[PDB]
Amino acid sequence: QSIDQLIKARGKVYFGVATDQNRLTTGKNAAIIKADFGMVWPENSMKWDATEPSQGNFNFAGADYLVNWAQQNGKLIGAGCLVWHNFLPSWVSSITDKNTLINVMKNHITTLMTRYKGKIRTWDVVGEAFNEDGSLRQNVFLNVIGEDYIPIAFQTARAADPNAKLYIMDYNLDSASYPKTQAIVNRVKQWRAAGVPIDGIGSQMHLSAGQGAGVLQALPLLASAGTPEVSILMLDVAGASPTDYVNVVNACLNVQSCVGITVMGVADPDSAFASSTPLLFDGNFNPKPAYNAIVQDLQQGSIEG
Ligand SMILES: O=[N+]([O-])c1ccc2nn[nH]c2c1
């Protein structure tokens, strides 16, 4: 059974997966994605160091392949991350002039979003902007531009493609009592109050065993920022326990504004954390216990009021 179909039947938008051209042309990835997933994200091909490796020199072959494959196969597309300290070329992080960095950031945003205008459901505009203690991360953007870089990025994105849902994403938002979780909620509330167009918070859920249960409290806390959407991104779970995975899925189901879940890949050998066997399919492309547990969970209705 298809977990995407099953989650749609429970009123959600999608169950998605990260992929790219290499995956689609090897293994059984394309067959599994066609059958079982409803949204794709580029694993690597939309990163800044993939797409703009030197100034104004855009590389779109990989991203184009994924977007076209998704279109041809009737899948939604998410993409990102546009402004991120990760995977950022040294030509960017060496800029010291404020107006230059502002325009470099804006052109990166606008060029990527314009190319795919109208085709992308969700853009992750700003990623990993917070320190663990909840203060803003001192990346090049914060150091050179200051905290206005976040509002500027979102407004620029809204202008470039008003159809897209614009997200901020971060990791270690998996515990309701952790400082980072409350801090992103607080900052997003105040950005939105000031007119900054943040449509979603995406929680990047690279989990260790046993962390699924806590998401049942963290995800509702994230939703309390009042964004129209929240989502689960980059999901994998060390050990791939059915209990962890079912708890994450149920957190999504419990949170009205949660639109869906994206897993970080299809099969274990293709994970960056392969030795932790953290995905839903094994090295034979058979569904693992966790996949089947999710299927059982989604088939079984809850008693609603
Ligand atoms: O959910 N995802 O797996 C995922 C992968 C790569 C991304 N880049 N920006 N957002 C992303 C989400």
# chains A, B, ... in the order shown; residues from 1 in each chain; ligands from 1
>>> residues_around(residues="residue 173 in chain A", least_positions_apart="4", cutoff="10 Å", atoms="only C-alpha atoms", output="number ranges by chain")
A: 132, 169, 177-185, 202-205, 214-215, 218-219, 221-222
>>> residues_around(residues="range 294-298 of chain A", least_positions_apart="4", cutoff="9 Å", atoms="only C-alpha atoms", output="ChimeraX atom specification")
/A:1-3,6-7,9-10,242,245-246,249-250,289-290
>>> select_by_dssp(residues="range 4-70 of chain A", states="strand (DSSP E)", output="CSV table (one decimal) with C-alpha atoms, in the first residue's frame")
chain,number,residue,atom,x,y,z
A,14,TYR,CA,1.4,14.4,1.0
A,15,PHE,CA,3.9,11.8,2.1
A,16,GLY,CA,7.1,12.9,0.3
A,17,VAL,CA,10.7,11.9,-0.2
A,18,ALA,CA,14.0,13.5,-1.1
A,19,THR,CA,15.5,12.3,-4.3
A,39,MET,CA,5.9,14.9,-3.3
A,40,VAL,CA,9.6,15.0,-4.1
A,41,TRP,CA,12.4,17.3,-2.9
A,42,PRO,CA,15.9,17.7,-4.3
>>> residues_around(residues="range 48-59 of chain A", least_positions_apart="5", cutoff="10 Å", atoms="only C-alpha atoms", output="MDAnalysis selection string")
chainID A and resid 64 80:92 104 107:109 111:112
>>> select_by_dssp(residues="range 114-146 of chain A", states="helix (DSSP H, G or I)", output="list in words")
residues 114, 115, 140, 141, 142, 143 and 144 of chain A
>>> closest_residue(among="A:94, A:288, A:237, A:275", to="residue 143 in chain A", atoms="only C-alpha atoms")
A:94
>>> atom_distance(atom1="CA of residue 278 in chain A", atom2="CA of residue 43 in chain A")
16.0 Å
>>> closest_atom_pairs(of="range 209-268 of chain A", to="range 122-130 of chain A", cutoff="12 Å", atoms="only C-alpha atoms", output="Markdown table")
| residue | atom | partner | partner_atom | distance |
| --- | --- | --- | --- | --- |
| A:229 | CA | A:122 | CA | 10.3 |
| A:230 | CA | A:122 | CA | 10.9 |
| A:231 | CA | A:122 | CA | 10.1 |
| A:233 | CA | A:124 | CA | 10.2 |
| A:259 | CA | A:122 | CA | 10.7 |
| A:260 | CA | A:122 | CA | 11.3 |
| A:262 | CA | A:122 | CA | 11.8 |
>>> closest_residue(among="A:155, A:121, A:191, A:46", to="ligand 1", atoms="only C-alpha atoms and all ligand atoms")
A:46
>>> atom_distance(atom1="CA of residue 188 in chain A", atom2="CA of residue 224 in chain A")
9.9 Å
>>> closest_residue(among="A:13, A:77, A:240, A:251", to="ligand 1", atoms="only C-alpha atoms and all ligand atoms")
A:77
>>> closest_residue(among="A:78, A:283, A:195, A:11", to="ligand 1", atoms="only C-alpha atoms and all ligand atoms")
A:78
>>> closest_residue(among="A:286, A:44, A:271, A:103", to="residue 149 in chain A", atoms="only C-alpha atoms")
A:103
